[PDB]
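Student: One structure is given below, represented as structure tokens, and several questions about it will come after.
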Amino acid sequence: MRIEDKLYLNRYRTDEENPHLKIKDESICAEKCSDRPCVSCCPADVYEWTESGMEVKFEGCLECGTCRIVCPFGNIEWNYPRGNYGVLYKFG
Amino acid sequence: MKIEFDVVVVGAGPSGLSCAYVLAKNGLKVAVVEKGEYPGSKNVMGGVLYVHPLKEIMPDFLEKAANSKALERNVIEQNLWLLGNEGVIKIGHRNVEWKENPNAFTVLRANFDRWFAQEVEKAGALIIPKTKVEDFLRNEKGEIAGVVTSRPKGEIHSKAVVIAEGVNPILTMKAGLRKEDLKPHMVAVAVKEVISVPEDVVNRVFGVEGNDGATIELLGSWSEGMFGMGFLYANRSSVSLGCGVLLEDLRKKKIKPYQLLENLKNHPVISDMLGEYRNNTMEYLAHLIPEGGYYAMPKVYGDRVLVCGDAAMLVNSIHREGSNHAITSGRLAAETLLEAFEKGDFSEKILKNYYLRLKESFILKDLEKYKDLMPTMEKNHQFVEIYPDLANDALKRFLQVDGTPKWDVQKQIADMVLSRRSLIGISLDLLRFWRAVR
Amino acid sequence: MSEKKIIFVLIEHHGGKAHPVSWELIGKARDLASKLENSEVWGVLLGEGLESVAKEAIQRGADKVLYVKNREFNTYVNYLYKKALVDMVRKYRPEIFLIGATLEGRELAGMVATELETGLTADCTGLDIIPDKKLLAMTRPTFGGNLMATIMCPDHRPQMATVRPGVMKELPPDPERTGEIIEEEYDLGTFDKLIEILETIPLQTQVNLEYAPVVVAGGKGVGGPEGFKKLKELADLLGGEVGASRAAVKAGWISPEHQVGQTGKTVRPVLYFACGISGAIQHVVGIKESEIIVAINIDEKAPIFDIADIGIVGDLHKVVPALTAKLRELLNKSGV
Amino acid sequence: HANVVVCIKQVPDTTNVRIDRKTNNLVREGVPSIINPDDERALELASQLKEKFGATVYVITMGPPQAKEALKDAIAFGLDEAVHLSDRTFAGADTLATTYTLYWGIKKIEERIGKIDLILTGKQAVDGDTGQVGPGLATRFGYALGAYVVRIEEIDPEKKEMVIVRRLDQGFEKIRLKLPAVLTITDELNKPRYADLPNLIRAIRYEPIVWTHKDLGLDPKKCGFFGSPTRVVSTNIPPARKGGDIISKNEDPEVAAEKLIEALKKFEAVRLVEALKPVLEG
Ligand SMILES: Cc1cc2nc3c(=O)[nH]c(=O)nc-3n(C[C@H](O)[C@H](O)[C@H](O)COP(=O)(O)OP(=O)(O)OC[C@H]3O[C@@H](n4cnc5c(N)ncnc54)[C@H](O)[C@@H]3O)c2cc1C
Ligand SMILES: Cc1cc2nc3c(=O)[nH]c(=O)nc-3n(C[C@H](O)[C@H](O)[C@H](O)COP(=O)(O)OP(=O)(O)OC[C@H]3O[C@@H](n4cnc5c(N)ncnc54)[C@H](O)[C@@H]3O)c2cc1C
Ligand SMILES: Cc1cc2nc3c(=O)[nH]c(=O)nc-3n(C[C@H](O)[C@H](O)[C@H](O)COP(=O)(O)OP(=O)(O)OC[C@H]3O[C@@H](n4cnc5c(N)ncnc54)[C@H](O)[C@@H]3O)c2cc1C
Ligand SMILES: CC(C)=CCC/C(C)=C\CC/C(C)=C/CC/C(C)=C/CC/C(C)=C/CC/C(C)=C/CC/C(C)=C\CC1=C(C)C(=O)c2ccccc2C1=O
Ligand code: SF4
Ligand code: SF4
Numbered sequence: 138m139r140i141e142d143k144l145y146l147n148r149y150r151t152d153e154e155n156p157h158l159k160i161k162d163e164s165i166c167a168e169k170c171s172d173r174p175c176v177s178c179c180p181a182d183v184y185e186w187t188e189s190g191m192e193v194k195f196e197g198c199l200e201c202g203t204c205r206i207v208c209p210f211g212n213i214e215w216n217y218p219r220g221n222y223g224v225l226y227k228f229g
Numbered sequence: 013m014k015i016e017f018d019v020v021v022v023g024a025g026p027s028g029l030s031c032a033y034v035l036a037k038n039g040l041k042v043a044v045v046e047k048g049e050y051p052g053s054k055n056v057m058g059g060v061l062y063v064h065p066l067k068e069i070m071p072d073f074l075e076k077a078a079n080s081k082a083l084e085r086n087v088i089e090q091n092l093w094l095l096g097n098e099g100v101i102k103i104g105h106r107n108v109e110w111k112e113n114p115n116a117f118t119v120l121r122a123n124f125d126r127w128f129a130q131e132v133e134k135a136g137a138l139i140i141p142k143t144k145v146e147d148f149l150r151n152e153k154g155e156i157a158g159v160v161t162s163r164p165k166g167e168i169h170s171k172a173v174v175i176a177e178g179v180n181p182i183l184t185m186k187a188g189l190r191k192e193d194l195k196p197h198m199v200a201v202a203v204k205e206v207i208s209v210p211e212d213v214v215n216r217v218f219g220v221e222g223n224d225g226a227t228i229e230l231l232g233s234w235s236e237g238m239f240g241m242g243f244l245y246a247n248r249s250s251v252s253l254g255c256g257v258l259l260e261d262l263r264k265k266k267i268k269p270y271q272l273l274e275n276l277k278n279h280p281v282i283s284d285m286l287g288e289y290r291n292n293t294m295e296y297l298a299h300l301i302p303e304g305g306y307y308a309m310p311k312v313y314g315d316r317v318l319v320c321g322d323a324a325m326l327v328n329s330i331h332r333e334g335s336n337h338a339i340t341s342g343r344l345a346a347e348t349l350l351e352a353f354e355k356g357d358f359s360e361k362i363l364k365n366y367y368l369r370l371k372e373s374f375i376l377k378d379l380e381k382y383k384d385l386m387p388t389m390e391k392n393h394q395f396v397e398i399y400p401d402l403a404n405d406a407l408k409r410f411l412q413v414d415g416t417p418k419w420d421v422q423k424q425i426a427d428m429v430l431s432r433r434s435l436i437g438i439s440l441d442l443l444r445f446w447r448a449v450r
Numbered sequence: 101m102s103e104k105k106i107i108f109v110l111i112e113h114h115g116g117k118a119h120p121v122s123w124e125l126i127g128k129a130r131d132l133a134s135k136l137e138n139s140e141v142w143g144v145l146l147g148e149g150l151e152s153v154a155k156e157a158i159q160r161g162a163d164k165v166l167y168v169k170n171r172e173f174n175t176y177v178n179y180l181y182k183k184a185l186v187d188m189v190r191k192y193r194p195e196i197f198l199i200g201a202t203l204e205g206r207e208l209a210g211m212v213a214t215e216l217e218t219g220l221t222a223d224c225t226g227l228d229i230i231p232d233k234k235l236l237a238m239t240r241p242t243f244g245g246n247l248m249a250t251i252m253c254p255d256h257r258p259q260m261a262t263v264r265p266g267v268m269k270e271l272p273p274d275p276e277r278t279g280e281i282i283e284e285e286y287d288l289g290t291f292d293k294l295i296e297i298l299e300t301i302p303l304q305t306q307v308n309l310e311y312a313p314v315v316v317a318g319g320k321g322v323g324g325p326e327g328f329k330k331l332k333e334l335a336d337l338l339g340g341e342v343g344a345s346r347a348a349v350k351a352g353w354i355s356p357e358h359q360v361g362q363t364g365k366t367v368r369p370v371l372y373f374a375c376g377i378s379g380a381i382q383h384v385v386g387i388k389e390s391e392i393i394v395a396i397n398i399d400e401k402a403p404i405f406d407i408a409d410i411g412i413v414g415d416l417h418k419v420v421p422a423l424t425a426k427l428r429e430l431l432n433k434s435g436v
Numbered sequence: 212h213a214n215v216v217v218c219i220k221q222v223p224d225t226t227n228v229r230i231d232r233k234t235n236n237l238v239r240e241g242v243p244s245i246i247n248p249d250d251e252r253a254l255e256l257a258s259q260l261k262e263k264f265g266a267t268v269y270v271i272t273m274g275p276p277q278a279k280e281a282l283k284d285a286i287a288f289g290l291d292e293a294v295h296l297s298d299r300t301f302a303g304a305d306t307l308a309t310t311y312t313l314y315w316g317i318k319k320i321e322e323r324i325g326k327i328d329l330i331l332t333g334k335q336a337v338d339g340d341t342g343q344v345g346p347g348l349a350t351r352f353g354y355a356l357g358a359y360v361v362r363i364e365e366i367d368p369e370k371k372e373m374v375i376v377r378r379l380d381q382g383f384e385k386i387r388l389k390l391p392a393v394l395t396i397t398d399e400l401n402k403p404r405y406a407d408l409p410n411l412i413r414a415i416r417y418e419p420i421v422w423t424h425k426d427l428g429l430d431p432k433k434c435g436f437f438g439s440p441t442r443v444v445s446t447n448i449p450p451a452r453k454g455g456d457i458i459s460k461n462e463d464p465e466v467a468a469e470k471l472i473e474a475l476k477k478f479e480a481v482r483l484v485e486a487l488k489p490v491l492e493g
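Residue numbers (the numbering used here), protein chains in the order written: chain A, 138 to 229; chain B, 13 to 450; chain C, 101 to 436; chain D, 212 to 493.
Right, here's the structure in full:
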């Protein structure tokens with residue numbers, strides 16, 4: 138709600154059929170992870186840990202790369218979106 | 013049909029286009045592959061771009077970029093602000109010879125790299141946007157012989173491949189370089205806002221006029237005790253306000269890195285400057301800044317492959333010289349390949365000259381200097397936690413006139429500085445940082 | 101003099117019954133003729149065997165009716181309508197031509213206005229007469245409903261204006277007034293048939309989500325795809341399409357062709373049901389051009405309530421099946 | 212072989228062109244201009260018509276000088292030629308003025324390849340979503356207008372006649388169009404391809420054929436603000452909707468259901484539903 142007000146300002150070409158943020162193992166995010174640093178350090182609120190699993194709202198991804206690096210267990214299959222997709226920064 | 017090229021430069025940032033500018037000016041069939049819609053579409057930078065690494069690339073750079081919208085508000089004043097609870101210690105330096113011999117311009121990188129792509133296109137390079145490189149097509153010798161893309165019939169053949177793709181070294185790890193990924197102490201999460209401030213409040217709050225710019229560097233307790241160097245730059249009709257903090261500090265604090273930008277907007281001084289021009293945010297960005305440097309860079313060369321810019325982790329983030337290092341690294345890689353093209357050898361015997369040029373120039377000497385800089389800043393948590401808020405209450409007490417007889421303000425400052433930290437902590441910390449500055 | 105300021109309204113009929121927009125424009129042109137000096141509201145109607153509606157137009161407010169007669173005008177062929185709706189404009193010389201913004205209406209008006217070489221605005225919402233040169237100020241939404249641009253045609257005649265169905269208001273059918281019905285038995289001759297209609301597929305064979313009068317949509321409060329059958333019970337009841345959010349499409353509950361919002365489909369129904377949608381700005385940018393927004397979600401501090409017209413704080417599996425249950429017993433009491 | 216001409220329009224990216232309430236204007240500065248998304252389906256159909264029947268597809272745009280980048284993005288689909296009608300004689304044009312320029316633009320294309328067998332437009336542009344250029348272009352040539360195309364069945368190149376499925380409001384309908392026709396494509400026809408590199412690289416080093424108002428031979432004031440009958444006199448953003456009120460609550464388990472139908476009938480728009488007349492008329 139709060140940061141998706143500011144993500145509305147950015148320009149995107151969303152690739153909804155190709156999620157570039159896949160989580161390799163959902164069970165590592167349930168019992169192996171304690172603090173979930175992918176949620177607390179994502180500048181775009183992409184990751185939200187529900188009890189249904191991890192909700193990865195990849196459409197707002199700013200392609201920074203923090204989630205892949207801050208994740209201690211490596212279970213974020215992180216790619217850039219394809220060419221002409223993802224954030225399209227105007228006056229970046 | 014085979015798409016044949018001489019060099020393929022992955023990435024169209026500062027190091028990608030400066031590498032492609034020298035190859036295209038020297039008559040090489042060089043292709044640039046950028047995964048954005050236009051060059052600059054994925055690039056985040058607050059803006060201070062220094063004109064000397066570009067006057068080595070383009071000796072007529074300030075004439076070509078004056079008519080365009082690439083550059084923005086020539087930087088004549090560089091401030092450093094120590095934000096307190098309610099005060100600020102501005103330590104600026106305005107120079108007026110920077111009005112006619114410029115040192116730096118503020119930029120917006122979608123406006124700069126789109127113009128810089130047009131000069132690289134006029135130089136003779138084929139810039140291919142909307143195209144992400146996935147891996148490298150290899151010959152049976154096992155070396156990088158080109159580039160495969162996400163496009164259907166996408167296989168670009170080249171005698172050399174320049175991995176100028178910035179931070180997130182995904183494509184560097186495919187080339188055998190970067191034997192591990194980035195750990196969250198080699199990078200800093202940098203969250204930036206571009207705020208629309210209408211061209212005359214920019215003149216008023218920065219103390220400038222008429223395409224002359226000022227840069228603020230913000231320190232204080234908005235960064236929650238972590239060493240975050242925020243910034244506040246003057247664009248033409250805008251203000252690019254952002255903040256960057258290390259990932260190790262951000263992970264163990266768990267505080268959502270746009271909140272630091274909200275602590276930076278809602279400071280009493282920044283909310284006084286931009287009163288209600290704070291919430292007309294035009295854009296919200298996030299990126300990473302390589303901060304490991306010398307201890308964390310890859311092998312920047314290989315068989316038919318070079319690595320420039322943030323992909324080689326060439327960033328002096330304490331001086332904010334990353335584009336300074338990137339545009340030079342493109343020039344050193346392109347002059348290495350121009351040696352490699354007259355000899356016809358592209359292996360690690362000729363392409364090791366790029367690593368020799370990288371340490372004979374300023375790029376690796378700035379990395380050796382601030383090598384143990386952020387591990388020094390991580391083992392205090394004092395220079396942005398007590399030290400700005402104490403220098404603000406001391407200088408406020410120094411200027412407050414309340415009938416206190418100036419010896420009892422010279423000792424109330426001493427009772428201020430030797431209460432939040434002992435004198436064995438103050439005199440230690442001035443030279444404990446001296447080892448970080450070398 | 102006075103009968104040269106003669107404003108036209110086209111009647112869109114589907115077999116035997118007219119479209120409702122035909123009588124909302126007849127009633128709107130009455131408010132245009134009340135501010136136009138020395139004017140009368142005609143009605144142009146094409147086909148044979150439609151005296152049951154040509155008299156209905158005069159009860160709705162048509163001053164006169166031009167009832168053009170041919171057997172090949174009951175079906176909609178824009179090639180044949182344009183040949184007749186520029187002979188009935190060259191003959192009578194109207195001042196304001198009004199067609200509804202149905203899909204036949206927007207397609208027909210584009211063919212007509214470039215035969216007359218006049219000016220045409222599509223999907224207008226703000227027709228009004230300025231008092232200076234008696235001109236029609238055709239206010240229409242552009243940029244997907246983000247700019248209500250006001251467009252005036254100064255000198256070319258007629259000032260054609262395709263008007264969005266539903267923005268005008270009907271006059272009640274009054275049998276007191278009468279008017280002349282002009283029958284022009286239209287001849288085509290050798291006509292060289294280009295458009296040949298083979299079939300007519302029903303509209304519910306695909307996903308419409310822009311030409312549906314009711315869009316009932318949900319996401320993430322519709323727990324699982326079991327709740328979207330409860331939303332489809334309300335969809336086919338009201339004769340409309342079921343929508344979704346990104347949080348429902350990404351969870352795999354409905355197909356991505358049912359997605360409503362910024363990177364989905366921008367709906368324009370007369371009644372939107374935000375059934376369990378939080379109402380983020382990327383979703384409500386596709387629903388803000390609607391007429392009624394009903395919001396049913398369990399969080400009272402939700403941003404959908406800042407755009408909703410009817411707001412319910414409550415569960416979705418205990419209100420939406422409890423609303424289509426009550427709507428069945430009220431739709432059958434006036435059916436038989 | 213057929214001759215296809217795809218009239219595309221460079222449109223700002225209206226997913227990002229948003230309403231700023233505090234300045235009460237569209238913040239469309241910095242937002243780059245793209246193909247009209249109804250025309251990417253027209254270009255993808257034209258590229259399908261080029262690999263199935265070998266039709267020489269041209270693409271034409273009457274726009275600003277910055278609209279040559281949209282014409283280069285159309286060559287990335289695999290098309291043969293792009294044609295630019297670039298002149299500020301054509302500036303401020305309306306639909307009658309655009310169609311008069313586009314009729315004489317395609318008429319000069321007809322002097323190069325032959326009579327155009329098919330003209331593909333989009334259903335609507337998004338800036339000024341009128342959708343009358345496609346209908347208007349079928350009248351200048353006197354071609355069969357198949358508008359709102361959702362499917363393409365038999366595109367018989369021997370009988371010079373093809374079957375489309377036009378969407379109307381009562382339902383879809385199959386139509387035997389007679390070529391030469393002017394189609395008008397919706398979003399639901401296809402999904403546009405991810406372009407390959409040999410076409411995208413060719414799209415980068417391509418220069419569209421620029422034709423001014425002297426090149427076409429048309430009237431000098433039948434194309435701009437003077438050939439425009441209509442005049443846009445004022446553009447203004449809409450209002451902030453209308454604050455609603457929680458009709459029911461979290462207490463009423465169903466009694467909120469009839470309170471919805473209580474408050475539905477206070478609105479005018481429920482007459483328009485076509486299925487809530489037995490609760491409004493009675
Ligand atoms: C907030 C912030 C502020 C900064 N401020 C300053 C400053 O004031 N001064 C300064 O000197 N430096 C500054 N920097 C640093 C500067 O942005 C970088 O150090 C430098 O500009 C990066 O150059 P680059 O060539 O690596 O380009 P990058 O922008 O890092 O990336 C190059 C390009 O590669 C492309 N790319 C990546 N992967 C692929 C792929 N697989 N296929 C194809 N293309 C790909 C991307 O689209 C990108 O455009 C700042 C950085 C940040 C984050
Ligand atoms: C570039 C971009 C484009 C986007 N495009 C779109 C788009 O086209 N369309 C789109 O929809 N989104 C789009 N989004 C996503 C958008 O920003 C929101 O994140 C998204 O719409 C959230 O979906 P939601 O409201 O259904 O889910 P949530 O935000 O989780 O909504 C859940 C709501 O349901 C309520 N609820 C919970 N349980 C119940 C129950 N039992 N009964 C009733 N209510 C209940 C909750 O209280 C809450 O209000 C886009 C995002 C980006 C970044
Ligand atoms: C706020 C505003 C309101 C306007 N209102 C009107 C109005 O009411 N009536 C009116 O006639 N004009 C109007 N215009 C101007 C009108 O858009 C131009 O005359 C333009 O030529 C028609 O574009 P369109 O929006 O009607 O697109 P459409 O006609 O809906 O576009 C349909 C298809 O035609 C083709 N096409 C459209 N434009 C071009 C072009 N320039 N070159 C080539 N092919 C093209 C494309 O294939 C496109 O997909 C308005 C402009 C603005 C800014
Ligand atoms: C009479 C005289 C002695 C008055 C003293 C005034 C004094 C404050 C400045 C001039 C004194 C000179 C002779 C000192 C020599 C060494 C100087 C250059 C040390 C630099 C540290 C500070 C004080 C610089 C001034 C503030 C302002 C101009 C900074 C610009 C902003 C950016 C570009 C710089 C970022 C930056 C910051 C923020 C550092 O904290 C830091 C710490 C250690 C090394 C480098 C840096 C650094 O580069
Ligand atoms: S960090 Fe790795 S483990 Fe912890 S939650 Fe995110 S993904 Fe699951
Ligand atoms: S990339 Fe940056 S934004 Fe996209 S998810 Fe990882 S962290 Fe959040």
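Don't be surprised by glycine CBs; every beta carbon is placed ideally from N, CA and C.
How many Å lie between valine 370 of chain C and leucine 471 of chain D at the Cα?
Tutor: Numbered from its first residue, the third sequence carries residue 370 of chain C at position 270. Numbered from its first residue, the fourth sequence carries residue 471 of chain D at position 260. Cα-Cα distance, rounded: 15 Å.
Student: Can you look up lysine 320 of chain C in the DSSP assignment and give me helix, strand or coil?
Tutor: For the purposes of this step, residue 320 of chain C is identified with residue 220 of the third sequence, where counting begins at 1. Note: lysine 320 of chain C maps to coil in three-state DSSP.
Student: Does the Cβ-Cβ distance between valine 342 of chain C and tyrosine 372 of chain C come in under 8 Å?
Tutor: Here residue 342 of chain C is taken as the residue at index 242 of the third sequence, counted from 1. Here residue 372 of chain C is taken as the residue at index 272 of the third sequence, counted from 1. No, they are not a contact pair.
Student: I want to verify the contact list: residues of chain A whose CB lies under 8 Å from the CB of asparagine 401 of chain D, in sequence order.
Tutor: Numbered from its first residue, the fourth sequence carries residue 401 of chain D at position 190. The contacting residues do not exist; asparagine 401 of chain D stays about 14 Å from chain A at best.
Student: Shorter than 7 Å, the distance from the beta carbon of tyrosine 217 of chain A to the closest heavy atom of ligand 8, or not?
Tutor: The model depicted lacks ligand 8 and carries ligand 1, ligand 2, ligand 3, ligand 4, ligand 5 and ligand 6 instead.
Student: Between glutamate 303 of chain B and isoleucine 267 of chain B, how many whole angstroms is the CB-CB distance? I'm expecting something under 8 Å.
Tutor: Stepping through the second sequence from its first residue, residue 303 of chain B is reached at position 291. Stepping through the second sequence from its first residue, residue 267 of chain B is reached at position 255. About 19 Å; that fails the 8 Å criterion.
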